[PDB]
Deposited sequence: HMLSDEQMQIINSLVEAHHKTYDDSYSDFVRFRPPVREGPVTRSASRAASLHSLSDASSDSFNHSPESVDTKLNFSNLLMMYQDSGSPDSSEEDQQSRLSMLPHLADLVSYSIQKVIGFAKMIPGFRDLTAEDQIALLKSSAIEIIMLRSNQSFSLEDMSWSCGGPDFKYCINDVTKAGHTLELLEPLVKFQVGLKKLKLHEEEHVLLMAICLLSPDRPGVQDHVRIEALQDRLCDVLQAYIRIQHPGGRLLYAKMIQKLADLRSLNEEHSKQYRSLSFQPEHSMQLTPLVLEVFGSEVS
């Protein structure tokens, strides 16, 4: 068995989309409000997240068939999956050695306590770190990592979606690509596809925990003022 021409184009276009939207030098980080170590990390992390939301939008626009969807459907998918894509893409900076995200210099080496100093609790950080360790151990190929993010983004089971029949078709077409990629190109990937599909289930509960914690944060004007207009809009509850 081997990958069709169409499936190969999907992989190439996604890898190039990731490459365009993920800067491995983390150079743009010096333009955010600086890290400070009561809710001292909120400005830097609001800025980091906002910058990432822009990247996820840029990536989504290059997922074949996403641009063809309704602006409304595109918004619904982005609003509900943005945080999950942030969690997934952050794995590229997550290191098993230090159990932290390392983004450039010594100032952008982020421990779990930083997220604590940014309005979040161990209820979110316990499974976020566990999710990162679990995902890091899968030693995903760039093709799988990028495919998983596109499967996640194209989940039709999102609140707000209208043409969910078209979205389910896009996602299944992408899963066929992943399942085959593993089969043909990943030695000892017998259990991988399932292991990755389970990682999408973990993202849902992590989405849920973040949402609760963010609601509490966003309801305090003294904190919501430290957020950015894009973060407010994307994590907000408007329809």
Could you spell out the stretches of the deposited sequence that were left without C-alpha coordinates, going in sequence order? 38 to 97, 300
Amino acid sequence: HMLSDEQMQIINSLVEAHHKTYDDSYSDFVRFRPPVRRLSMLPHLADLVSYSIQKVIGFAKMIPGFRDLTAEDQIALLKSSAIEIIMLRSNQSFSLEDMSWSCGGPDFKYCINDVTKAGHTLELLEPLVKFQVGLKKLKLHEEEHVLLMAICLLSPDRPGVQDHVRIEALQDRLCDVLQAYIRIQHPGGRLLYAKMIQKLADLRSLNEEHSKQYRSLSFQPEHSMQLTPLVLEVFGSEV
From here on, numbers count along this sequence of modelled residues.
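Between two forms, the rigid core is defined as the largest C-alpha subset superposing within 1.5 Å.
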Out of 105 to 113 and 84 to 92, which shows the greater rigid core-aligned C-alpha deviation in 6 other deposited structures of this protein? 105 to 113
Of 190 to 198 and 209 to 217, which one has the bigger average CA B-factor? 190 to 198
Between 176 to 184 and 28 to 36, point out the one with the higher average CA B-factor as the PDB entry records it. 176 to 184
In terms of the chain's CA B-factor thirds, is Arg67 lowest, middle or highest? highest
Could you tell me which third, lowest, middle or highest, the C-alpha B-factor of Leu78 occupies within its chain? lowest
What third of its chain, lowest, middle or highest, does the C-alpha temperature factor of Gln9 fall into? highest
Could you look up the Cα B-factor of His164 in the entry and say which third of the chain it sits in: lowest, middle or highest? highest
Looking at the C-alpha B-factor of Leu88, is it in the lowest, middle or highest third of its chain? lowest
